[PDB]
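Asker:
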Amino acid sequence: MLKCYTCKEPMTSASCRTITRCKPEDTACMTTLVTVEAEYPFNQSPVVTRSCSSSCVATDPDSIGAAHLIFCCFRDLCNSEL
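In the authors' numbering, the protein residues as written are 100 to 181.
(1) By Cβ distance below 6 Å, which residues in the same chain neighbour residue 172 in space, the five residues on each side in sequence not counted?
(2) For residue 105, count neighbouring C-beta atoms within 10 Å of its own C-beta (all shown protein chains included) and say buried if the count is 16 or more, exposed if not.
(3) Does DSSP put residue 201 in a helix, a strand or coil?
(4) Assign residue 152 to one of two classes, buried (16 or more other C-beta atoms within 10 Å of its C-beta) or exposed (fewer than that).
(5) Where do the N-terminal and C-terminal ends of the beta strand (DSSP E) with residue 149 fall, by residue?
(6) Count the other CB atoms, across all protein chains shown, that sit within 10 Å of the CB of residue 130; report buried if there are 16 or more and exposed otherwise.
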């Protein structure tokens with residue numbers, strides 16, 4: 100199945116690289132790259148949240164959930180970055 104480096108939940112400033120198995124219907128990975136930071140908890144390094152997706156597309160509609168950069172792919176662990 101589709102495997103993407105998705106962590107548990109958006110809490111740790113970094114170290115968000117865990118091999119997670121996506122759903123059978125999904126065939127693409129999604130990543131939210133955001134350097135900006137509001138208030139703690141936080142760190143010197145940037146923060147991102149990778150999650151499974153069934154349609155890799157780059158578009159910033161509302162971006163209310165800090166969805167600035169959207170990096171998606173169609174390969175397991177296409178990116179081994181934080």
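The beta-carbon is built from N, C-alpha and C at its ideal position, and this holds for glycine as well.
Answerer: In this structure, then:
(1) Position 73 of the sequence shown holds residue 172. Closer than 6 Å at the Cβ level, and outside the excluded window around residue 172, lie 128.
(2) In the sequence shown, the residue the question calls residue 105 occupies position 6. That one is buried.
(3) Here the chain has residues from 100 to 181 only, and residue 201 is not among them.
(4) Here residue 152 refers to the residue found at position 53 of the sequence shown. So residue 152 ends up on the buried side.
(5) Your numbering for residue 149 matches position 50 in the sequence shown. 146–152 is the span of the beta strand (DSSP E), which, as asked, contains residue 149.
(6) The sequence position of residue 130 within the sequence shown is 31, counting from 1. Classification for residue 130: buried.
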